[PDB]
file run.cif (mmCIF, N, CA and C atoms)
data_model
loop_
_atom_site.label_atom_id
_atom_site.label_comp_id
_atom_site.auth_asym_id
_atom_site.auth_seq_id
_atom_site.Cartn_x
_atom_site.Cartn_y
_atom_site.Cartn_z
N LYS I 1 80.93 12.92 2.82
CA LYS I 1 81.21 11.82 3.74
C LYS I 1 80.29 11.87 4.95
N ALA I 2 79.05 11.44 4.77
CA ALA I 2 78.06 11.44 5.83
C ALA I 2 78.22 10.21 6.71
N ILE I 3 78.33 10.44 8.02
CA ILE I 3 78.36 9.36 8.99
C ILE I 3 77.22 9.58 9.98
N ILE I 4 76.09 8.93 9.75
CA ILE I 4 74.94 9.07 10.63
C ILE I 4 75.25 8.43 11.97
N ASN I 5 74.96 9.15 13.05
CA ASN I 5 75.27 8.69 14.40
C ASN I 5 74.04 8.28 15.19
N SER I 6 72.99 9.11 15.21
CA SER I 6 71.75 8.77 15.89
C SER I 6 70.58 9.11 14.97
N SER I 7 69.75 8.12 14.68
CA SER I 7 68.60 8.28 13.81
C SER I 7 67.31 8.04 14.59
N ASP I 8 66.27 8.80 14.25
CA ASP I 8 64.95 8.60 14.81
C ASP I 8 63.82 8.63 13.78
N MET I 9 64.03 9.25 12.63
CA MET I 9 63.00 9.51 11.64
C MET I 9 63.00 8.42 10.56
N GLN I 10 62.26 8.66 9.48
CA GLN I 10 62.06 7.67 8.42
C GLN I 10 63.10 7.83 7.32
N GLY I 11 63.47 6.69 6.71
CA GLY I 11 64.65 6.65 5.86
C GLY I 11 64.59 7.59 4.67
N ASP I 12 63.39 7.85 4.15
CA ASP I 12 63.26 8.84 3.09
C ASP I 12 63.75 10.20 3.57
N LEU I 13 63.16 10.69 4.66
CA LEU I 13 63.58 11.96 5.24
C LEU I 13 65.05 11.92 5.65
N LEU I 14 65.56 10.75 6.03
CA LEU I 14 67.00 10.57 6.20
C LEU I 14 67.76 10.99 4.94
N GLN I 15 67.38 10.40 3.81
CA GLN I 15 68.07 10.68 2.55
C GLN I 15 67.98 12.16 2.19
N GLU I 16 66.78 12.73 2.33
CA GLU I 16 66.63 14.15 1.99
C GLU I 16 67.41 15.04 2.94
N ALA I 17 67.49 14.67 4.22
CA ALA I 17 68.29 15.43 5.17
C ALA I 17 69.76 15.41 4.77
N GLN I 18 70.27 14.24 4.41
CA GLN I 18 71.65 14.17 3.93
C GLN I 18 71.85 15.04 2.70
N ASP I 19 70.94 14.94 1.74
CA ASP I 19 71.05 15.75 0.52
C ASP I 19 71.05 17.23 0.85
N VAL I 20 70.25 17.64 1.84
CA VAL I 20 70.14 19.06 2.15
C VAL I 20 71.38 19.55 2.87
N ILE I 21 71.92 18.76 3.81
CA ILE I 21 73.17 19.18 4.45
C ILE I 21 74.30 19.24 3.44
N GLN I 22 74.31 18.30 2.48
CA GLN I 22 75.28 18.35 1.40
C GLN I 22 75.15 19.64 0.60
N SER I 23 73.93 19.94 0.14
CA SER I 23 73.70 21.16 -0.62
C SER I 23 74.10 22.39 0.18
N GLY I 24 73.90 22.36 1.50
CA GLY I 24 74.36 23.46 2.33
C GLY I 24 75.87 23.58 2.34
N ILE I 25 76.57 22.45 2.37
CA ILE I 25 78.03 22.46 2.27
C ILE I 25 78.46 23.13 0.97
N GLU I 26 77.78 22.80 -0.13
CA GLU I 26 78.16 23.40 -1.41
C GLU I 26 77.78 24.87 -1.47
N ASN I 27 76.65 25.24 -0.86
CA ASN I 27 76.28 26.65 -0.76
C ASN I 27 77.34 27.44 -0.01
N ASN I 28 77.91 26.83 1.03
CA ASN I 28 78.99 27.43 1.81
C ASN I 28 80.12 26.40 1.88
N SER I 29 80.97 26.38 0.85
CA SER I 29 82.17 25.54 0.80
C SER I 29 83.37 26.42 0.43
N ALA I 30 83.97 27.04 1.44
CA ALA I 30 85.13 27.91 1.28
C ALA I 30 85.62 28.29 2.67
N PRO I 31 86.91 28.58 2.83
CA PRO I 31 87.40 28.95 4.17
C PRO I 31 86.63 30.10 4.80
N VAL I 32 85.94 30.90 3.99
CA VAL I 32 85.10 31.97 4.51
C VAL I 32 83.69 31.52 4.84
N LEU I 33 83.38 30.23 4.67
CA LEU I 33 82.04 29.75 5.01
C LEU I 33 81.79 29.90 6.50
N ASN I 34 80.53 30.08 6.86
CA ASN I 34 80.09 29.99 8.24
C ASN I 34 79.03 28.90 8.36
N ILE I 35 79.09 28.14 9.45
CA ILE I 35 78.10 27.09 9.66
C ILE I 35 76.71 27.69 9.83
N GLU I 36 76.63 28.98 10.19
CA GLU I 36 75.34 29.60 10.44
C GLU I 36 74.51 29.72 9.17
N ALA I 37 75.14 30.09 8.05
CA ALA I 37 74.40 30.22 6.80
C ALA I 37 73.87 28.87 6.34
N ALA I 38 74.72 27.84 6.40
CA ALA I 38 74.26 26.49 6.09
C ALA I 38 73.14 26.07 7.03
N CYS I 39 73.21 26.49 8.30
CA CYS I 39 72.16 26.16 9.26
C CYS I 39 70.83 26.81 8.86
N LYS I 40 70.86 28.11 8.57
CA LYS I 40 69.69 28.78 8.02
C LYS I 40 69.12 27.98 6.85
N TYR I 41 69.99 27.61 5.91
CA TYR I 41 69.51 26.91 4.72
C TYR I 41 68.87 25.58 5.07
N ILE I 42 69.52 24.78 5.92
CA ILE I 42 68.97 23.49 6.30
C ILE I 42 67.59 23.66 6.92
N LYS I 43 67.49 24.54 7.93
CA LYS I 43 66.23 24.68 8.63
C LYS I 43 65.14 25.19 7.69
N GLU I 44 65.45 26.20 6.88
CA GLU I 44 64.42 26.78 6.02
C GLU I 44 63.99 25.80 4.94
N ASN I 45 64.93 25.01 4.41
CA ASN I 45 64.59 24.02 3.41
C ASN I 45 63.69 22.95 4.00
N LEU I 46 64.06 22.42 5.17
CA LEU I 46 63.24 21.41 5.80
C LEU I 46 61.89 21.98 6.25
N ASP I 47 61.82 23.29 6.50
CA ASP I 47 60.52 23.91 6.71
C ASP I 47 59.67 23.85 5.45
N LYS I 48 60.13 24.50 4.39
CA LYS I 48 59.36 24.59 3.15
C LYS I 48 59.14 23.24 2.49
N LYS I 49 59.83 22.20 2.95
CA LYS I 49 59.68 20.86 2.39
C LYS I 49 58.83 19.94 3.26
N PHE I 50 59.19 19.75 4.53
CA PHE I 50 58.50 18.81 5.41
C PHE I 50 57.80 19.51 6.57
N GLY I 51 57.63 20.83 6.49
CA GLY I 51 56.89 21.54 7.51
C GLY I 51 57.77 22.32 8.46
N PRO I 52 57.17 23.28 9.16
CA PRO I 52 57.93 24.18 10.04
C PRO I 52 58.43 23.51 11.30
N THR I 53 58.91 24.33 12.25
CA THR I 53 59.42 23.90 13.56
C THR I 53 60.57 22.91 13.44
N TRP I 54 61.34 23.05 12.36
CA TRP I 54 62.62 22.37 12.22
C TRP I 54 63.68 23.15 12.98
N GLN I 55 64.83 22.51 13.19
CA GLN I 55 65.95 23.11 13.91
C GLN I 55 67.24 22.46 13.42
N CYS I 56 68.15 23.27 12.89
CA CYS I 56 69.44 22.79 12.40
C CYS I 56 70.54 23.30 13.33
N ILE I 57 71.53 22.45 13.59
CA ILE I 57 72.64 22.74 14.49
C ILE I 57 73.88 22.07 13.92
N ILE I 58 74.98 22.81 13.83
CA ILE I 58 76.22 22.28 13.28
C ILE I 58 77.38 22.68 14.18
N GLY I 59 78.32 21.76 14.33
CA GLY I 59 79.52 22.02 15.11
C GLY I 59 80.32 20.74 15.22
N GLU I 60 81.38 20.79 16.02
CA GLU I 60 82.16 19.58 16.28
C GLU I 60 82.33 19.26 17.75
N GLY I 61 82.52 20.26 18.61
CA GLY I 61 82.55 20.02 20.04
C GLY I 61 81.57 20.93 20.75
N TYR I 62 80.53 20.34 21.33
CA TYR I 62 79.52 21.10 22.04
C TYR I 62 78.67 20.14 22.86
N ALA I 63 77.67 20.67 23.54
CA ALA I 63 76.76 19.88 24.35
C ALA I 63 75.37 20.49 24.32
N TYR I 64 74.45 19.83 23.61
CA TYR I 64 73.08 20.31 23.53
C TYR I 64 72.23 19.54 24.54
N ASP I 65 71.03 20.06 24.78
CA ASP I 65 70.00 19.39 25.55
C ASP I 65 68.66 19.98 25.12
N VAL I 66 67.96 19.29 24.22
CA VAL I 66 66.81 19.85 23.52
C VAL I 66 65.66 18.86 23.55
N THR I 67 64.45 19.38 23.32
CA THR I 67 63.23 18.59 23.24
C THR I 67 62.84 18.43 21.77
N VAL I 68 62.53 17.19 21.38
CA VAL I 68 62.30 16.86 19.98
C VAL I 68 61.06 15.98 19.85
N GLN I 69 60.35 16.17 18.74
CA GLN I 69 59.25 15.28 18.38
C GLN I 69 59.80 13.96 17.86
N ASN I 70 59.10 12.87 18.18
CA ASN I 70 59.55 11.55 17.76
C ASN I 70 59.54 11.43 16.24
N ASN I 71 60.41 10.56 15.73
CA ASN I 71 60.60 10.35 14.30
C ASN I 71 60.92 11.65 13.57
N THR I 72 61.53 12.60 14.27
CA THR I 72 61.92 13.88 13.68
C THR I 72 63.29 14.34 14.19
N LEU I 73 64.20 13.41 14.46
CA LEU I 73 65.49 13.73 15.04
C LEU I 73 66.61 12.99 14.33
N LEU I 74 67.72 13.68 14.09
CA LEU I 74 68.90 13.10 13.47
C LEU I 74 70.15 13.76 14.03
N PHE I 75 71.21 12.97 14.22
CA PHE I 75 72.52 13.50 14.54
C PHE I 75 73.55 12.66 13.80
N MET I 76 74.62 13.30 13.35
CA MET I 76 75.52 12.62 12.44
C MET I 76 76.87 13.32 12.40
N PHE I 77 77.81 12.71 11.69
CA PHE I 77 79.21 13.12 11.68
C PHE I 77 79.73 13.10 10.26
N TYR I 78 80.75 13.92 10.00
CA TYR I 78 81.39 13.99 8.70
C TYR I 78 82.86 13.62 8.83
N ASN I 79 83.40 12.97 7.79
CA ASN I 79 84.84 12.79 7.73
C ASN I 79 85.56 14.12 7.80
N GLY I 80 84.94 15.18 7.29
CA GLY I 80 85.39 16.54 7.51
C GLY I 80 85.16 17.05 8.92
N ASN I 81 84.76 16.18 9.84
CA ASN I 81 84.60 16.47 11.26
C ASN I 81 83.40 17.37 11.55
N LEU I 82 82.39 17.38 10.69
CA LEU I 82 81.20 18.20 10.92
C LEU I 82 80.12 17.33 11.56
N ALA I 83 79.92 17.52 12.86
CA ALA I 83 78.79 16.94 13.59
C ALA I 83 77.56 17.81 13.34
N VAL I 84 76.51 17.20 12.79
CA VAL I 84 75.31 17.90 12.38
C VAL I 84 74.11 17.26 13.06
N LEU I 85 73.38 18.07 13.84
CA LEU I 85 72.14 17.67 14.48
C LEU I 85 70.98 18.43 13.84
N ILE I 86 69.86 17.74 13.64
CA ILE I 86 68.63 18.36 13.15
C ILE I 86 67.47 17.74 13.91
N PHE I 87 66.45 18.55 14.20
CA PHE I 87 65.31 18.01 14.92
C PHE I 87 64.10 18.93 14.78
N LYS I 88 62.92 18.33 14.85
CA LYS I 88 61.66 19.06 14.84
C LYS I 88 61.10 19.14 16.25
N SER I 89 60.47 20.26 16.57
CA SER I 89 59.83 20.43 17.87
C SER I 89 58.44 21.01 17.72
N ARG C 1 -24.99 21.17 -2.13
CA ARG C 1 -26.36 21.67 -2.16
C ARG C 1 -26.72 22.18 -3.55
N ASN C 2 -26.00 23.19 -4.02
CA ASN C 2 -26.14 23.68 -5.38
C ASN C 2 -24.94 23.31 -6.23
N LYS C 3 -23.73 23.68 -5.81
CA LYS C 3 -22.55 22.99 -6.29
C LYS C 3 -22.57 21.58 -5.72
N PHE C 4 -22.42 20.59 -6.59
CA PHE C 4 -22.53 19.21 -6.14
C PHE C 4 -21.49 18.92 -5.06
N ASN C 5 -21.76 17.87 -4.29
CA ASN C 5 -20.99 17.60 -3.08
C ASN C 5 -19.51 17.44 -3.40
N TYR C 6 -18.67 18.03 -2.55
CA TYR C 6 -17.23 18.04 -2.74
C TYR C 6 -16.63 16.68 -2.39
N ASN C 7 -15.33 16.54 -2.62
CA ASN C 7 -14.63 15.28 -2.42
C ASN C 7 -13.40 15.51 -1.55
N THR C 8 -13.33 14.78 -0.44
CA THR C 8 -12.20 14.90 0.47
C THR C 8 -10.91 14.41 -0.19
N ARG C 9 -9.79 14.95 0.27
CA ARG C 9 -8.48 14.51 -0.20
C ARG C 9 -7.52 14.48 0.98
N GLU C 10 -6.32 13.97 0.72
CA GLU C 10 -5.31 13.87 1.76
C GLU C 10 -3.93 13.91 1.11
N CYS C 11 -3.02 14.63 1.75
CA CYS C 11 -1.62 14.61 1.35
C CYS C 11 -0.79 15.00 2.56
N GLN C 12 0.33 14.30 2.74
CA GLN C 12 1.28 14.65 3.77
C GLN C 12 2.68 14.46 3.23
N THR C 13 3.59 15.28 3.73
CA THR C 13 4.99 15.26 3.35
C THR C 13 5.78 14.28 4.20
N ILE C 14 7.05 14.15 3.87
CA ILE C 14 7.97 13.27 4.58
C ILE C 14 8.70 14.08 5.63
N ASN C 15 8.61 13.64 6.89
CA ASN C 15 9.16 14.38 8.03
C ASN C 15 10.30 13.58 8.65
N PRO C 16 11.55 13.98 8.43
CA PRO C 16 12.67 13.27 9.07
C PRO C 16 12.69 13.52 10.57
N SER C 17 13.35 12.61 11.28
CA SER C 17 13.43 12.70 12.73
C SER C 17 14.62 13.55 13.16
N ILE C 18 14.50 14.15 14.34
CA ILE C 18 15.54 15.00 14.90
C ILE C 18 16.30 14.21 15.95
N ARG C 19 17.60 14.04 15.75
CA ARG C 19 18.45 13.32 16.68
C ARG C 19 19.51 14.26 17.23
N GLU C 20 19.95 13.96 18.45
CA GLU C 20 20.96 14.74 19.15
C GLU C 20 22.17 13.85 19.39
N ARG C 21 23.24 14.09 18.63
CA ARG C 21 24.46 13.31 18.74
C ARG C 21 25.65 14.26 18.85
N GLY C 22 26.54 13.99 19.80
CA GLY C 22 27.70 14.83 20.01
C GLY C 22 29.00 14.06 20.10
N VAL C 23 30.03 14.54 19.39
CA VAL C 23 31.29 13.84 19.29
C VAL C 23 32.42 14.74 19.77
N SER C 24 33.61 14.15 19.85
CA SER C 24 34.77 14.78 20.48
C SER C 24 36.01 14.59 19.63
N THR C 25 36.81 15.65 19.55
CA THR C 25 38.19 15.54 19.13
C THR C 25 39.08 15.59 20.36
N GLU C 26 40.38 15.35 20.17
CA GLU C 26 41.31 15.35 21.27
C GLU C 26 42.57 16.10 20.87
N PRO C 27 43.23 16.76 21.82
CA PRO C 27 44.53 17.37 21.53
C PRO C 27 45.56 16.29 21.26
N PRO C 28 46.20 16.31 20.10
CA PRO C 28 47.18 15.28 19.75
C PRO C 28 48.34 15.27 20.74
N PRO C 29 48.96 14.12 20.97
CA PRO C 29 50.03 14.04 21.97
C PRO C 29 51.34 14.57 21.43
N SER C 30 52.28 14.78 22.35
CA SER C 30 53.60 15.29 22.00
C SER C 30 54.63 14.63 22.90
N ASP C 31 55.88 14.62 22.43
CA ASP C 31 56.98 14.03 23.16
C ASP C 31 57.99 15.11 23.53
N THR C 32 58.74 14.86 24.60
CA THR C 32 59.72 15.81 25.11
C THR C 32 60.91 15.04 25.64
N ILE C 33 61.99 14.98 24.86
CA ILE C 33 63.20 14.27 25.23
C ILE C 33 64.32 15.25 25.54
N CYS C 34 65.50 14.69 25.81
CA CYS C 34 66.72 15.46 26.02
C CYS C 34 67.92 14.59 25.68
N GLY C 35 68.84 15.15 24.89
CA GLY C 35 70.01 14.42 24.45
C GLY C 35 71.23 15.33 24.56
N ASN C 36 72.40 14.71 24.67
CA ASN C 36 73.66 15.43 24.72
C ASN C 36 74.35 15.37 23.35
N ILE C 37 75.40 16.17 23.19
CA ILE C 37 76.15 16.25 21.94
C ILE C 37 77.41 15.41 22.08
N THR C 38 77.65 14.54 21.10
CA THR C 38 78.79 13.65 21.14
C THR C 38 80.04 14.32 20.58
N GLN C 39 81.17 13.65 20.77
CA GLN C 39 82.42 14.10 20.17
C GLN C 39 82.53 13.56 18.75
#

call {"tool": "encode", "arguments": {"input": "run.cif", "output": "structure tokens"}}
result
Amino acid sequence: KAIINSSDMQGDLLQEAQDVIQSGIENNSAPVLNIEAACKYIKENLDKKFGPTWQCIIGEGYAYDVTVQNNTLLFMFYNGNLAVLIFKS
Amino acid sequence: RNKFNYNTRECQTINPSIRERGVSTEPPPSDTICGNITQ
């Protein structure tokens, strides 16, 4: 249940980002899951796929303030209440 | 005189010109934003 909240990049990379966060959920889908392992997976996948200097962040209540390259930023929400931010720098 | 008179000849090669031209690259630009985290 992906709910995109703020988009900056191109729709293809949008789709692949959603697919990768999904695959991360399945890699870690259990009460013992940690968002950190899925974060590692998201960042490393987007590195080996669309280049380095990616950054994955997952949570539900927090406050970031980060610098991002244009057309390389996404933030979104899940019906499962997972707010997911990703960005390249 | 004894060997009969010789015959002049001519040959020259093709000589390209030397030009001095200099060009530039530039450091690509970058962006720096800041955003907050929503509920």

call {"tool": "resolve_selection", "arguments": {"input": "run.cif", "expression": "the PyMOL selection byres ((chain I and name CA) within 8 of (chain C and name CA))", "output": "list in words"}}
result
residues 60, 61, 62, 63, 64, 65, 66, 67, 68, 69 and 70 of chain I

call {"tool": "select_by_dssp", "arguments": {"input": "run.cif", "residues": "chain I", "states": "helix (DSSP H, G or I)", "output": "ChimeraX atom specification"}}
result
/I:11-27,35-50

call {"tool": "atom_distance", "arguments": {"input": "run.cif", "atom1": "atom CA of residue I:76", "atom2": "atom CA of residue I:51"}}
result
21.2 Å

call {"tool": "atom_distance", "arguments": {"input": "run.cif", "atom1": "atom CA of residue I:1", "atom2": "atom CA of residue I:82"}}
result
9.6 Å
